[PDB]
Number of protein chains: 2
Amino acid sequence: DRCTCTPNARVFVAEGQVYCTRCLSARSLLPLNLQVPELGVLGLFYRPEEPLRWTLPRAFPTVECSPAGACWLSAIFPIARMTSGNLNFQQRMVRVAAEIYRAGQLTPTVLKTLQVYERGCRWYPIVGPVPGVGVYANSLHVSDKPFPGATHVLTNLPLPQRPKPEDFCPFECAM
Amino acid sequence: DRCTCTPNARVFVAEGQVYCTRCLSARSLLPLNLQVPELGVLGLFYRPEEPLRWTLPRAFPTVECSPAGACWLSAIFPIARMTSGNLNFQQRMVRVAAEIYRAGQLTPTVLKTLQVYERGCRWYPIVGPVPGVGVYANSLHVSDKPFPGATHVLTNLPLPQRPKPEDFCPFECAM
Ligand SMILES: [Zn+2]
Ligand SMILES: [Zn+2]
Ligand SMILES: [Zn+2]
Ligand SMILES: [Zn+2]
């Protein structure tokens, strides 16, 4: 039982799995006939409706950048979950993906547009394990799980450490 | 940087880590001088204030029961997160742990007391990967992650499958 939406339905990455932004079901590999070579790893699952507006170089996942080239695909779910409630999530997931996909990267400006801070998320200097969902990051990459190099974690959890002021963001352009 | 609360502060298990119910920081092993042998694995981190009211047999984690004997320690965080908001979580975490610890097991009655269903959680027959936090289970055990044997997943996520009526619960006594 996999996702059966039109292949132009956006995708996000949680832990290992590629999931559909529309139905939240695991996404299988695209038929290669539909695959969009110009979109690296993303094109292996996502086939947009029209142009691209930006491209993705096919590559291997680095110990810190995964999916290689568009690690922000990994921040879509955590930002949406920490930024919505029970009867509000779908709408949120859809708006968060659209924003990020459009920008083709994660940036302080895209986080402001998404009101991540006003909704309860705070960055924290990683000093140990953090339970639940979150966005781990450094000055160039982000992930939904900890990784070698990550220096900060974005969470809505009332942590013991001291939150970073709202003007702070570990990166300028996480890709 | 670990937890530095009084050792009588309750504990919960998320993924691998043992975390403190009070400060949400990782919990180190108890000095063995404080360790409470009568509380199996739990006693290796948690030292109550007075009696026990129930005991825990020391053992090895089974492919389906972990922590061995009190796998419900793994359901504390997911139930609390899916059942609270941003400015409400701590209170929720504290009430959820106390309830479960008292009952010394997870049961349909303890889930009703915690109003898991009225707050948005629904059980679903596992048919594929599910992103985010959740409680995986079968008729005898539960976990915060999928495991060989699990047949159902409790989530507040608006999944595509069809939710189980509110009278349904995969188990009668998950320990
Ligand atoms: Zn879909
Ligand atoms: Zn990257
Ligand atoms: Zn503590
Ligand atoms: Zn068990």
Side-chain angles (χ1 to χ4, degrees), chain A residues 13 40-42 56-57 59-76 100 104-107 128-129 131 135-145 147-150 157-161 170-175, chain B residues 1-13 17-28 30 40-42 45-47 56-57 59-76 90 93-94 97 100 104-107 135-145 147-150 170-175:
Chain A
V13 188
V41 179
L42 181 56
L56 181 63
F60 297 86
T62 290
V63 290
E64 66 176 5
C65 180
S66 186
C71 62
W72 44 267
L73 279 175
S74 171
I76 303 191
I100 293 179
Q105 53 178 49
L106 203 39
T107 194
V135 182
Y136 292 77
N138 60 194
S139 62
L140 280 150
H141 316 282
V142 302
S143 183
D144 68 312
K145 283 289 186 292
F147 62 92
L157 218 48
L159 297 187
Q161 299 116 66
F171 53 80
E172 290 292 75
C173 174
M175 296 198 285
Chain B
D1 201 54
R2 233 70 171 171
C3 157
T4 317
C5 289
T6 57
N8 78 304
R10 296 186 189 73
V11 160
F12 67 85
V13 188
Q17 275 303 315
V18 173
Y19 292 91
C20 169
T21 283
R22 274 228 269 292
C23 68
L24 310 167
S25 301
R27 255 277 247 295
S28 285
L30 224 48
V41 179
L42 181 56
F45 304 82
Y46 173 69
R47 191 183 195 307
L56 181 63
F60 297 86
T62 290
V63 290
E64 66 176 5
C65 180
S66 186
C71 62
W72 44 267
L73 279 175
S74 171
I76 303 191
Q90 293 183 299
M93 166 54 69
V94 176
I100 293 179
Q105 53 178 49
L106 203 39
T107 194
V135 182
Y136 292 77
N138 60 194
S139 62
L140 280 150
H141 316 282
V142 302
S143 183
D144 68 312
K145 283 289 186 292
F147 62 92
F171 53 80
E172 290 292 75
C173 174
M175 296 198 285

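The basis for the numbers below is simple: all heavy atoms, side chains too, and nothing from hydrogens, waters or symmetry mates. Whatever order the structure lists them in is the order used to number ligands and atoms, beginning at 1. Sequence lines set the chain letters: A, B, ... in the order given, protein chains first and strands last, and positions in each chain run from 1.
- Side-chain contact check for B:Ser143 versus B:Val135: every heavy-atom pair is 4.5 Å or farther apart.
- When all heavy atoms of B:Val142 and B:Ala174 are compared, the closest pair comes out as CG1-CB, 3.5 Å.
- Scanning both residues, A:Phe171 and A:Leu140, for their nearest heavy atoms gives CB-N, 4.4 Å.
- The tally of protein N/O/S atoms under 2.8 Å from the Zn ion (ligand 3) stands at 4.
- Nearest N/O/S atom of A:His141 relative to the Zn ion (ligand 2): this is ND1.
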Walk me through it: do B:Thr6 and B:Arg47 pass the test side chain to side chain donor-acceptor pair (under 3.5 Å)?
-> CA-CA 9 Å; B:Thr6 57; B:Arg47 191 183 195 307; over 6 Å; no
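- The closest side-chain heavy-atom distance from B:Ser25 to B:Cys20 is not below 4.5 Å.
- Contact annotation: the side chain of B:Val11 never approaches that of B:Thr21 to less than 4.5 Å [non-hydrogen atoms, C-beta and beyond].
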Run the side-chain donor-acceptor check on residues 59-70 of chain B: report pairs under 3.5 Å with partners two or more places apart or on a different chain.
unit_1, atom_1, unit_2, atom_2, d
B:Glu64, OE2, B:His141, NE2, 3.2

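- Seen from the Zn ion (ligand 4), atom SG of B:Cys71 and atom SG of B:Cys65 lie 120° apart in angle, a value rounded to 10°.
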